[PDB]
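Worksheet: the structure to be examined is printed underneath.
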Ligand SMILES: OC[C@H]1NC[C@H](O)[C@@H](O)[C@@H]1O[C@H]1O[C@H](CO)[C@@H](O)[C@H](O)[C@@H]1O
Ligand SMILES: [Cl-]
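Numbering (the UniProt record's numbering), first residue to last: 5 to 489.
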């Protein structure tokens, strides 16, 4: 029965550490984490905000608040998943917690605005640095990749005690906005609202130069980005690019989609190679986060996935390519939407979160990866938990041994007083029991080996062999066999 146990983590509040980099929630979190422990929770997840830690200047890392937070977590006896959060928290009208990337990095942007992902109207998105500057030494002598590597190295050195004590068990490497490996193709601040197709965010001068060179390398120097793609809030059929039998299918469209999605893959590969080197020999898993772009999954162009950078079509597996890139690093996939049913979604959005989840989990498992999941949106109801349970053990319980497939972990978004009071807590606690296959909490489950060095670098052509033939997912049971109620 023990092979069925799925670990449950809970995300901490976005302001677990204050926006001024002070630890202020000692008493509150102590009581809240005690409730989590009483409920059987294996660990917590937390954003380690770049804007807080390296906020005062290059290499001025102030870890003092995170250390206090981490001691609290260790004192509670909980495991810890640390997100290298190289992205802005909040920043939209109405957001409660607002933590931009370091001011001194934004200061570079006042002179070189092309450090930011840029749309076709020229709007600069300040939430994250363009993958176009990964290897450009623009930041007081450092490249973006060097800044990420140096931050992770400082983290390791300063948190060594927590790593050695087995408190920190997972490093989630932020690779884009919201920590997700994607482009910022659906920004509320630029006027997007659900379920707009989004936009291609490749207009910064660095990416423009990259495209031109890539185009010349295949004999077509003349080529430009597609200009029949509409705008953020369009539907696919309103554009010549994304409509059925549209220009996304052309030789030109295919080249562009490949270039855009490949650049995201290369960004992840090169940052994971550095992260692996940093954490070599520590008993931790490295993970990336893939965003759950479920809208337009039911139309041929998969338009919102394409603009996010996931080149996914009925005959092209745009997630298995990503999974193949992760293999050499022994990195895990952290996906979302684990809580969603298709019946809960708007019809006109053409949304299929269940099939998308099935596609991403199946891709990870076919590449031999650990796969974990999060809920996309806040949920406290038994139906949500039953959906997560279904995704956690897609073929149900194996009474003989471990199941054919299971999630390596699930991380719940997110801790607050609401979760640990009233009927919410009862529902949550029962969820954790079921995730644990009704066994008691086992802190020693899923032990990590010392992280080995990433295997040999493989080319983009090698990675892309995973795109086709596109396979049906593994069959998933309609309903969990171990529901909450
Ligand atoms: O965890 C990543 C995102 N998954 C999909 C959710 O809808 C979204 O809200 C999540 O992003 C938030 O939480 C992250 C972890 O706390 C944080 O890094 C990110 O900035 C968002 O606040
Ligand atoms: Cl295969």
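For each residue, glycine too, the CB sits at the ideal point set by N, CA and C.
Asked, Found
"Segments assigned beta strand (DSSP E), at least 3 residues, entirely inside the region 408-442", "413-416"
"Three-state secondary structure (DSSP) of residue 2", "Residue coverage of the chain in this structure runs from 5 to 489, which leaves residue 2 outside it and unanswerable."
"Bridge partners - residue 336, DSSP secondary structure assignment", "291"
"For residue 24, the three-state DSSP class (helix, strand or coil)", "coil"
"Endpoints, the beta strand (DSSP E) within which residue 47 is located", "47-53"
"Reduced DSSP secondary structure (H/G/I, E/B, other) of residue 258", "helix"
"Beta-bridge partners of residue 172, as assigned by DSSP", "84"
"Complete runs of the alpha helix (DSSP H) confined to the region 200-240 [at least 4 residues]", "209-221"
"CB contact flag (residue 76, residue 34, <8 Å)", "yes"
"Three-state class that DSSP yields for residue 148 in the structure shown", "helix"
"Best match in 361, 303, 268 for proximity to residue 330 [C-alpha to C-alpha]", "268"
"Helix, strand or coil at residue 133 according to DSSP, with G and I counted as helix", "strand"
"Euclidean distance between Cα positions of residue 481 and residue 198", "29 Å"
"Exposed unless 16 or more other CB atoms sit within 10 angstroms - verdict on residue 308", "buried"
"Where residue 246 falls: helix, strand or coil (DSSP)", "coil"
"Where residue 89 falls: helix, strand or coil (DSSP)", "strand"
"Burial state of residue 125, where buried means 16 or more other Cβ atoms lie within 10 Å", "exposed"
"Alpha helix (DSSP H) segments (min. 4 residues) lying fully within the region 338-404", "357-370, 386-396"
"Proximity of residue 10 and residue 403 at Cβ, strictly below 8 Å", "no"
"Beta-carbon separation (whole angstroms), residue 174 vs residue 289, contact threshold 8 Å", "5 Å"
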